[PDB]
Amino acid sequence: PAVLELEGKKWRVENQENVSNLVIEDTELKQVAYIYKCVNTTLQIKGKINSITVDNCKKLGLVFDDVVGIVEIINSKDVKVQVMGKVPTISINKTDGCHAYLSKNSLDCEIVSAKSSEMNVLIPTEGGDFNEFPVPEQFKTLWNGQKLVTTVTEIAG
């Protein structure tokens, strides 16, 4: 059954299906959110918390204000994440199809990726618009005679 309740420091939102108005109004700086097994859902978290984690979600739409640490999108499909404020790092792991919408205050965000595909970082521009840039998913590795030297095969549309 669909869950959405704070359990200690953890904001548990799981098993959501075809909902799109989910909102977590209250919030504490040391809290964390764990969005699990949610498909075709849309969630918004108001306030600055410690970290978020999208695990095993499909067609999930997330939008948050601030995160003190990390935002993880693991084992998912077609996830959309948006920062209104600031986020240090957004880590995409074992996820296929992910769009990270940054903001004027998180242009310094670091995008860690692994075993993932179809990732795009949307950059904000004066006028509520975003430019799309694909993050590389393929790499060419070579032997130096001393070590392995890896290059990134840049993606284009």
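The first residue of the shown sequence is 1; numbering continues from there.
Please compare 11-19 with 135-143 and say which has the higher mean C-alpha temperature factor in the record.
Looking at the record's C-alpha B-factors, the answer is 11-19.
Identify the stretch, either 49-57 or 88-96, whose C-alpha atoms have the larger mean B-factor according to the entry.
Per the PDB record, 49-57.
Of the options 105, 31, 125, 116, which has the highest CA B factor as deposited?
Of the options given, 125 has the highest CA B-factor in the PDB entry.
Which third of the chain does residue 121 land in by C-alpha B-factor: lowest, middle or highest?
Answer is lowest: the recorded C-alpha B-factor places it there.
How does the C-alpha B factor of residue 112 compare with the rest of the chain: lowest, middle or highest third?
It belongs to the lowest third of the chain when residues are ordered by C-alpha B-factor.
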